[PDB]
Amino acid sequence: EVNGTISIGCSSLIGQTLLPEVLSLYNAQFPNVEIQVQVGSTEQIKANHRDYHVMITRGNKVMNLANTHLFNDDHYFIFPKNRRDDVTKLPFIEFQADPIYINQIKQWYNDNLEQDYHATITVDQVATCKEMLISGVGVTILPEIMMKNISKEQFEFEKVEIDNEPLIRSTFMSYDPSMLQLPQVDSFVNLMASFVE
């Protein structure tokens, strides 16, 4: 019977989406495990890797750990339908992430709106960015996992393609193989790997 504590570190948006779904199943199966969750940037979580049994991050694989690819996100440029004719003049909401990923977003904007990229609003979290969009602050690109409960009546969703290939963002589960001896950690890793497949 599985006991003890599990300490999970994850990308901020993962704490709002995938991790809650998985922990609902995990706790139901393994009720005696104490669960600790810290969220932050992928950079922050990677830096504090020693504090976590398991990490769920986005972008590239984590150095010197076992990595399991969970899924990829497509992306959508999102803007209000009532302002379609004025999309080039609406403020763009940028979130913080690694340069390779953000530069893809900037390049897409430059190429497709036919003008220099400029972010009027900059936020750290994708979740913050999502709420700025919803409240009418401006336009943005979001990963598909963050598009739940955005009004299809109010907003147009344009799939973000670069040379007819989708812009994608990967999500990885990472951990030190020596944590798998802990049944709470093994049970989580096995459940996560099963959930996505």
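Counting begins at 1, following the sequence as shown.
For this session: Take the C-alpha B-factors listed in the entry for 177 to 185 and for 7 to 15, compute each mean, and give the stretch with the larger one.
Result: Looking at the recorded C-alpha B-factors, 177 to 185 comes out higher on average.
Exercise. If you average the Cα B factors in the entry, which is higher, 141 to 149 or 157 to 165?
Worked result: Per the PDB record, 157 to 165.
Exercise. Highest Cα B-factor in the deposition, which of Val33, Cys129, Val62, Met55?
Worked result: In the PDB entry, the greatest C-alpha B-factor among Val33, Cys129, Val62, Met55 is found at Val62.
Exercise. For the listed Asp74, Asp124, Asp98, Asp85, which has the peak Cα B-factor recorded in the PDB entry?
Worked result: Within the set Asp74, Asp124, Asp98, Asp85, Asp85 shows the top C-alpha B-factor.
Exercise. Can you tell me which third, lowest, middle or highest, the CA B-factor of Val37 falls into for its chain?
Worked result: Ranked within chain, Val37 CA B lands in the lowest tercile.
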